[PDB]
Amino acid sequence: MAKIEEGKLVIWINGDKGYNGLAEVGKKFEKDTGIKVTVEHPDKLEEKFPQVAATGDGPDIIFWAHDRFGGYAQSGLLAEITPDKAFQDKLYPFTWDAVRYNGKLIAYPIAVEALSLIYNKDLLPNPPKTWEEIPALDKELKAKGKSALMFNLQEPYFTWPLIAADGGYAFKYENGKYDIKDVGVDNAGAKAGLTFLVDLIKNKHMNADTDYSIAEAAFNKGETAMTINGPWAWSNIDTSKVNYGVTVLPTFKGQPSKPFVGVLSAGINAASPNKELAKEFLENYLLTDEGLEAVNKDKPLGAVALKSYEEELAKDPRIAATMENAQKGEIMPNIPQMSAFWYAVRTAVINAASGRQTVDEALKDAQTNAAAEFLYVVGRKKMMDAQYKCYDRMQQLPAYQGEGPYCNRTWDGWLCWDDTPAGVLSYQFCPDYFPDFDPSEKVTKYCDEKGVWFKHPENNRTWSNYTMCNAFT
């Protein structure tokens, strides 16, 4: 396919969500209009979408949590959606706020997602209120052939409540805008959260390999007392007939766990030629009591954005927990910088869990990565400011007055050097561009007997010796 088929809807949604429910709504749409809706669930659709979106294998509509949609907008991959005020009043104002980017709506919200603590009531009538009291619990449970707690370690969505509990954050939220120069991935509290998790692994209470489906199997087969997961999971648990509760997440250092809250949302592809059909599907078929029930029946959405349908669902205690955990947490930012933050934290947790890096090492890399935008400007500007002084002083100092050869004034890339006489070894303090450079130590540059700067014997390149700058640590 060179282009997206005009006159059908192709829809993309994650494989843990109610995709067969959605296809049912799609079947009703085809009954009324005559146009086929195809629902799909590719792997890593959130990563595939930018690459394929305008290509012709791209979907007409994409479902994902709201955090990825700012980056999608910046890349111009999404249509602006145009619901009138009457439709807007059908959803809660806070949900519309998650899908607003630079003043425009960029997706239709569907549901508010937050992880909760799930537990096996038969094994555990009384769930722990606190993370610190878990290892104790796992010791008892191992004696009885069980594990206390198994959940996805591979994805940082699941480990972020712990990290944020004692003071970790993504980007500082001041003035009603997120400040990307200030990142809370390497602070005291984050270090503390991740350390607790790594210690659970050192003391055998969890296994670093644990991923989404291992942990699901363990809970649903009654091998583990507890799990951490969202409303989508509840279907498969029902099926198993494990007797289960959904409750508040455990406190760490007396502060509650703070999940990042996702608003599952639907965007329309900018390259779709079926945009009004898409709008009609989403507004008149999907976001209805009828429609959301088809989806929630297959796999639960949690707390929905549609006020009418949330009023059916609000009596359910699993929803109340979900909202309680949401309230303790934070609504995700949608800025483009979120893709970098998740990569950072994902990478850190895996490396540390895995044994590859200490916690302080793993996280310092996350801070470097999560805040790449800002650190490139500063690093870059340090250097440029030095270049310009060099250039000014190269223009200002009068000509060499010396009857012999001399190497002339130059900017070497890191430091300024003056006209220097033949056979003279010139020196000055190391620059402070890099964290491993001691500016009490010095740099040499030798001018040869013929008035030419020293060249490296490895490649005859003009070269100043910065070896003392970082040689002692």
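From 1 onward, residues are counted along the sequence shown.
Peer 1: For the higher mean C-alpha B factor in the entry, choose 235 to 243 or 286 to 294.
Peer 2: Stretch with the higher mean C-alpha B-factor: 235 to 243.
Peer 1: For the C-alpha atoms alone, is the average B factor greater in 117 to 125 or in 362 to 370, going by the entry?
Peer 2: Result: 117 to 125.
Peer 1: Compare the CA B factors listed in the entry for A148, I335, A399, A79 and report the winner.
Peer 2: Among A148, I335, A399, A79, the highest C-alpha B-factor in the entry belongs to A148.
Peer 1: Quiz for you: based on the deposited Cα B-factor, which of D199, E276, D392, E310 is highest?
Peer 2: Max CA B-factor in the entry, restricted to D199, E276, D392, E310: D199.
Peer 1: Is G267 in the lowest, middle or highest third of its chain when residues are ranked by C-alpha B-factor?
Peer 2: Tercile = lowest for this residue's CA B-factor.
Peer 1: Lowest, middle or highest third: where is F219 by C-alpha B factor in its chain?
Peer 2: Highest third, going by the recorded CA B-factors of the chain.
Peer 1: Going by the recorded CA B-factors, say which third of the chain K445 sits in, lowest, middle or highest.
Peer 2: CA B-factor rank for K445: lowest third.
Peer 1: If you rank every modelled residue in this chain by C-alpha B factor, which third holds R346: lowest, middle or highest?
Peer 2: Ranked within chain, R346 CA B lands in the middle tercile.
Peer 1: According to the PDB entry, is the CA B factor of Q357 in the bottom, middle or top third of its chain, that is, lowest, middle or highest?
Peer 2: For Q357, the deposited C-alpha B-factor lands in the highest third.
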